[PDB]
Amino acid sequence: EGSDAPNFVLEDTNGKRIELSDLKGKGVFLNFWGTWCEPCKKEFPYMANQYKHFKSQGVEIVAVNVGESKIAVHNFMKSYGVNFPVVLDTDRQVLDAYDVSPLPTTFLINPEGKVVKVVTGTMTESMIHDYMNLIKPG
């Protein structure tokens, strides 16, 4: 099932490198976003609330910021109560690898490392809950 998720290595705002394949065995909620994006701002609180429930079920979020600076991303994270991994796609290489156009776009990656579902546009908390249940191990 699914299609192969392009691997990547990107840094968080503290310079820590995160590699997608290192998250194999967990479900990954891979969300592309920007600080200016209203549909992204609407869903971030929902992601944070649900992350409290799903981390202990083996789901990880990787929120890939599209092109913005460490300070801009730091400020956003603090403003929206972000408790999950955020990485910086500084040169849009990962955006391009995932063929992302509108923001937000989310990829639901199963524990085997395959993309099983794609979602464009903003998501309700109920939708996010369903999506995380879909990819949890196992």
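Sequential numbering from 1, following the sequence displayed.
Taking the mean C-alpha B-factor of each stretch as recorded, 79-87 and 50-58 are not equal, and the higher mean is that of 50-58. When 15-23 is weighed against 113-121, 15-23 comes out higher, by mean CA B-factor as recorded in the entry.
The residue among 35, 93, 106, 69 whose C-alpha atom has the highest B-factor in the PDB entry is 93. When the C-alpha B-factors of 40, 64, 73, 28 are ranked from the entry, the top spot goes to 40.
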